[PDB]
J.: 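Quick one: the structure is below, questions incoming.
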Amino acid sequence: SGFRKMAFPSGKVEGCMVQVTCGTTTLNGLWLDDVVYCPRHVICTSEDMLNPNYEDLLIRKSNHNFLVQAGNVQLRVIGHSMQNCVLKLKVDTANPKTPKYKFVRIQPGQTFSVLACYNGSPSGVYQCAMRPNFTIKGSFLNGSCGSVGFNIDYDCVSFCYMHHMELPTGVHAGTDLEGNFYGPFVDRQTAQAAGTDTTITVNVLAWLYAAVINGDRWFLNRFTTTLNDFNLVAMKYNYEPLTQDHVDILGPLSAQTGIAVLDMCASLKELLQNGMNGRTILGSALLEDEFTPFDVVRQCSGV
Amino acid sequence: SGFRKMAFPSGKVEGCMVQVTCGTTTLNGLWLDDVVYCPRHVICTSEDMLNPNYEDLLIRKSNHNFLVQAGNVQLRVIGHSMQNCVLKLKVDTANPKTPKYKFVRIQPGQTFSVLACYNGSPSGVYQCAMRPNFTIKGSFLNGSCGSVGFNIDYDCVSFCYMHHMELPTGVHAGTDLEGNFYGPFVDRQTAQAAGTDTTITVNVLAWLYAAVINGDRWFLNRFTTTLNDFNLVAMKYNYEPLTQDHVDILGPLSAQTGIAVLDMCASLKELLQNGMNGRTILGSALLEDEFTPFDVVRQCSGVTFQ
Ligand SMILES: *CC(=O)[C@H](C[C@@H]1CCCNC1=O)NC(=O)[C@H](CC(C)C)NC(=O)c1cc2c(OC)cccc2[nH]1
Ligand SMILES: *CC(=O)[C@H](C[C@@H]1CCCNC1=O)NC(=O)[C@H](CC(C)C)NC(=O)c1cc2c(OC)cccc2[nH]1
């Protein structure tokens with residue numbers, strides 16, 4: 001029993017982390033087979049941060065202008081190319097620890113583990129949720145670019161995030177491993193704003209299930225609602241719409257607890273309208289939405 | 001910027017996790033050099049679960065009765081001894097992925113990373129605190145026994161916890177890697193209660209410093225207080241007393257922020273007495289106590305491990 005923000009073990013991703021340096025700019029890269037993936041602005045000089053001409057900066061660079069270090073031993077670069085906002089440095093050695101892996105693009109509402117790195121070395125690992133406005137709420141300092149986010153299924157590592165940026169509001173933005181930003185952001189030394197954020201309704205309900213399973217039950221009531229009427233209350237409080245697929249995905253948790261999804265909706269509606277009035281749920285005084293149904297089942301189901 | 005509950009990189013430890021089976025019990029073990037460490041109740045049958053006599057159970061076991069699996073590879077057991085609540089099973093192969101390591105026993109209020117495992121397979125990693133009542137509030141299901149907690153101290157993996165038990169209240173209890181329990185607990189199938197818990201004052205202050213470094217400054221005030229006067233209110237709200245040693249440990253963060261420890265002590269007592277009046281700190285509407293002062297320094301200074 002118990003519930004915590006839980007990352008996937010980072011061992012497989014640790015074995016692919018390297019540093020990449022060009023001039024006085026150092027950041028992290030991911031070494032998979034004989035390719036190192038890193039953000040492309042490693043090739044920028046400070047004199048041209050406002051709108052870098054990447055195409056054109058990259059042709060002026062040679063393989064020897066790049067320093068790649070895997071655990072402080074240098075990896076020789078024998079070719080380089082750009083794909084969207086990521087740089088691909090082909091090196092003379094295949095990473096002997098490359099895991100089975102996939103590059104995937106995640107949907108807002110999904111979670112992944114972040115391995116925060118500096119100078120090619122890991123600092124720590126934590127979980128994040130991709131928000132509806134395509135930002136994440138992480139812990140990243142200068143030098144952390146090229147840190148990756150990931151999930152693990154059996155033996156396969158699905159890389160879904162590569163870190164690039166911290167917005168003026170203090171949240172974080174990045175790309176998939178093909179160089180395409182999540183959200184409308186660009187890799188320029190410029191202040192950019194995110195869309196308005198919303199709460200991930202299906203995740204809040206998954207968390208209420210985790211609470212019930214763990215003994216926290218004071219918010220449950222004797223009522224139910226329809227999907228259409230609940231969504232009217234959800235819109236009113238800046239919550240995402242709850243879909244029929246969201247109802248089916250919560251089926252396992254509904255089956256384990258015996259509480260129907262639409263009954264949990266009625267309890268949430270009450271929580272939205274009346275607040276918590278000083279009570280807590282699973283140790284929190286606010287309604288939490290960075291746990292998916294998958295995250296809850298992985299931890300709370302022996303069943 | 002930003003501040004999150006962050007576990008240590010779990011790679012060094014993943015490569016040490018194995019499965020141990022004896023009779024009907026499968027649980028996790030720790031494979032370092034040529035020894036596999038695991039909880040001793042793996043030799044137990046369900047009969048006489050209320051107070052097993054482990055000394056006798058072990059003599060009727062042999063090396064061939066212990067099945068150790070490291071992934072697909074079976075490790076031949078060539079010797080076995082019991083040490084407090086752990087079994088030390090000598091195996092015929094030394095783990096080529098043993099890290100630089102230490103066994104240490106931690107104190108209440110210190111934090112560590114837990115690598116939750118089931119049947120030898122790592123499932124997840126999270127951060128936990130040794131509470132003042134020698135429990136941890138973990139996330140453990142059946143089969144998790146033998147999962148370990150650890151810190152990386154500069155370059156050395158210091159194993160400090162091996163999981164054994166879940167109490168009726170839902171919290172968890174375990175041992176050091178020498179087999180001695182944290183708290184007043186025993187490895188027996190019985191309902192056991194823990195002492196009342198308290199809040200770890202020094203860690204809450206460390207978290208207030210983390211908040212400042214990250215821009216939250218509203219709870220700062222111009223009042224002042226003494227440690228004796230602070231402790232008098234701390235006791236009213238169930239906080240551990242703040243000692244001078246605790247004040248010394250907040251020294252580095254006081255320097256980085258330019259806020260003296262006792263002015264932060266004044267800020268915390270106002271918080272306890274008056275609440276946050278709808279406000280939040282590092283996104284939280286409650287006060288956190290599972291970050292040590294070094295946890296704050298590690299994270300806000302980008303400390304790495306290699
Ligand atoms: C490369 C790297 O590690 C940093 C990571 C940033 C740094 C600030 C602290 N947290 C963090 O995650 N990435 C960058 O510095 C970005 C480089 C771009 C070319 C991708 N820049 C920003 O993240 C950035 C720039 C900027 C700005 O322009 C002057 C105004 C306000 C905010 C802002 N953030
Ligand atoms: C060894 C193992 O894998 C589990 C881990 C426990 C199991 C329950 C779910 N979460 C968790 O952490 N540990 C055990 O089963 C313990 C074995 C002992 C010999 C150490 N026993 C308990 O955890 C336990 C037993 C028990 C009880 O016995 C009748 C009554 C009330 C509470 C209780 N906890």
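Throughout, protein chains are lettered first and strands after them, A, B, ... in sequence-line order, and every chain is numbered starting at 1.
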J.: I need the minimum non-hydrogen distance between B/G302 and A/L141, along with the two atoms involved.
T.: N-CD1, 3.6 Å

J.: Could you check whether any side-chain N or O of B/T280 sits under 3.5 Å from a backbone N or O of B/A285, counting only pairs where one atom can act as donor and the other as acceptor?
T.: no

J.: Whether the side chain of B/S301 engages the backbone of B/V297 through a donor-acceptor N/O pair (distance < 3.5 Å, no angle test) should be reported.
T.: yes

J.: Ring centres under 6.0 Å, that's the criterion: do B/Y37 and B/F103 meet it?
T.: yes

J.: So, taking the atom named CE in A/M17 and the one named CG in A/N119, what distance separates them when rounded to the nearest 0.5 Å?
T.: 11.0 Å

J.: Under the side chain to side chain contact (heavy atoms under 4.5 Å, CB included) rule, what do A/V171 and A/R131 come out as? Steps first, then yes or no, please.
T.: CA-CA 10 Å; A/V171 306; A/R131 309 293 319 164; over 6 Å; no

J.: What's the spacing between A/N238 CG and A/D197 CG if we round to 0.5 Å?
T.: 7.5 Å

J.: Looking only at heavy atoms, which two atoms of A/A129 and A/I136 are closest? And how far apart?
T.: O-CG2, 3.6 Å

J.: Sort and list the pairs that fulfil side chain to side chain donor-acceptor pair (under 3.5 Å) and have at least one residue in residues 92-106 of chain A, not counting sequence neighbours.
T.: A/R105-A/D176

J.: What salt bridge (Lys or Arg N to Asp or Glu O under 4.0 Å) pairs are there with at least one residue in residues 37-52 of chain A, not counting sequence neighbours?
T.: A/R40-A/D187

J.: What closest approach, in Å, do B/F219 and B/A211 show between heavy atoms, and which atom pair accounts for it?
T.: CZ-CB, 3.8 Å

J.: Evaluate the criterion side chain to side chain contact (heavy atoms under 4.5 Å, CB included) for residue pair A/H246 and A/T201; output intermediate values, then yes/no.
T.: CA-CA 9 Å; A/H246 291 150; A/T201 312; over 6 Å; no

J.: Hey, does A/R76 have a side-chain heavy atom less than 4.5 Å from the side chain of A/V68?
T.: no

J.: Could you tell me if the side chain of A/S284 sits less than 4.5 Å from the side chain of A/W207, heavy atoms only?
T.: yes

J.: Identify the two heavy atoms, one from A/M165 and one from A/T190, that lie closest to each other, and give their separation to 0.1 Å.
T.: CE-O, 4.3 Å

J.: Just so I know, are the side chains of B/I249 and B/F294 near enough to count as touching, which here means a heavy-atom distance under 4.5 Å?
T.: no

J.: Enter the distance from A/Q69:CD to A/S121:OG here, rounded to the nearest 0.5 Å.
T.: 10.0 Å

J.: Can you check side chain to side chain contact (heavy atoms under 4.5 Å, CB included) on B/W218 and B/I281, steps first, answer last?
T.: CA-CA 9 Å; B/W218 66 255; B/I281 303 177; 3.5 Å; yes

J.: Please find the pair of heavy atoms, one from B/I213 and one from B/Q256, that lie closest to each other, and give the distance.
T.: CD1-NE2, 3.6 Å

J.: For the residue pair A/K5 and B/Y126, would you count it as a cation-pi contact if the rule is NZ or CZ under 6.0 angstrom from the ring centre and within 45 degrees of the ring axis?
T.: no

J.: Would you check if A/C44 and A/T25 make a side-chain contact, meaning some heavy-atom pair closer than 4.5 Å?
T.: no

J.: Checking A/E14 side chain against A/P122 main chain: does a donor-acceptor pair fall under 3.5 Å?
T.: no

J.: Do the non-hydrogen side-chain atoms of A/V125 and A/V13 ever get within less than 4.5 Å of each other?
T.: no

J.: Quick one: does B/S147's side chain get under 4.5 Å of B/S123's, heavy atoms only?
T.: no

J.: Is there a side-chain contact between A/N84 and A/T175 (heavy atoms, below 4.5 Å)?
T.: no

J.: Give a yes or no on whether B/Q306 atom CD has more than 12 heavy-atom contacts from other residues, nucleotides or ligands under 6.0 Å away.
T.: no

J.: For the pair A/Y182 and A/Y161, name the ring-plane relationship: parallel under 30°, tilted 30 to 60°, perpendicular over 60°.
T.: parallel

J.: Return yes if some donor-acceptor pair links the side-chain N/O of A/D289 with the main-chain N/O of A/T199 below 3.5 Å, else return no.
T.: no

J.: I need the B/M130 CE to B/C128 SG distance, nearest 0.5 Å.
T.: 9.0 Å

J.: Roughly how far, to the nearest 0.5 Å, is CZ of B/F8 from CG of B/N151?
T.: 4.5 Å

J.: With no hydrogens and no angle check, is any side-chain donor or acceptor of A/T21 less than 3.5 Å from a backbone partner on A/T26?
T.: no

J.: With a 4.5 Å limit on heavy-atom distance, are the side chains of B/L115 and A/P9 in contact?
T.: yes

J.: Please step through salt bridge (charged side-chain N to carboxylate O under 4.0 Å, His left out) for the pair B/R298 and B/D295, ending with a clear verdict.
T.: CA-CA 5 Å; B/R298 272 170 43 205; B/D295 295 349; 2.8 Å; yes

J.: One pair to check against side chain to side chain donor-acceptor pair (under 3.5 Å): A/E240 and A/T198. What are the steps and the verdict?
T.: CA-CA 6 Å; A/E240 290 287 286; A/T198 75; 2.4 Å; yes

J.: What's the verdict on side chain to side chain contact (heavy atoms under 4.5 Å, CB included) for A/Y54 and A/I43, showing C-alpha distance, side-chain angles and the deciding distance?
T.: CA-CA 8 Å; A/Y54 285 115; A/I43 74 194; 4.2 Å; yes

J.: Which pair of heavy atoms, one from A/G143 and one from A/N28, lies closest together, and at what distance?
T.: O-ND2, 3.3 Å

J.: Between CD1 of A/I152 and OG of A/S113, what distance do you get to the nearest 0.5 Å?
T.: 7.5 Å

J.: For A/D245 and A/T243, which I'm curious about, is there any donor-acceptor pair between the side chains at under 3.5 Å?
T.: no

J.: Apply the side chain to side chain contact (heavy atoms under 4.5 Å, CB included) test between A/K90 and each candidate in A/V36, A/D34, A/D33; give the one that qualifies.
T.: A/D34

J.: Mind jotting down which residue pairs meet the ring-ring contact (aromatic ring centres under 6.0 Å, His included) criterion with at least one end in residues 133-157 of chain A? Sequence neighbours excluded, please.
T.: A/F140-A/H163, A/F140-A/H172

J.: Can you tell me if B/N203 uses its side chain to pair, donor with acceptor, with the backbone of B/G109 under 3.5 Å?
T.: yes

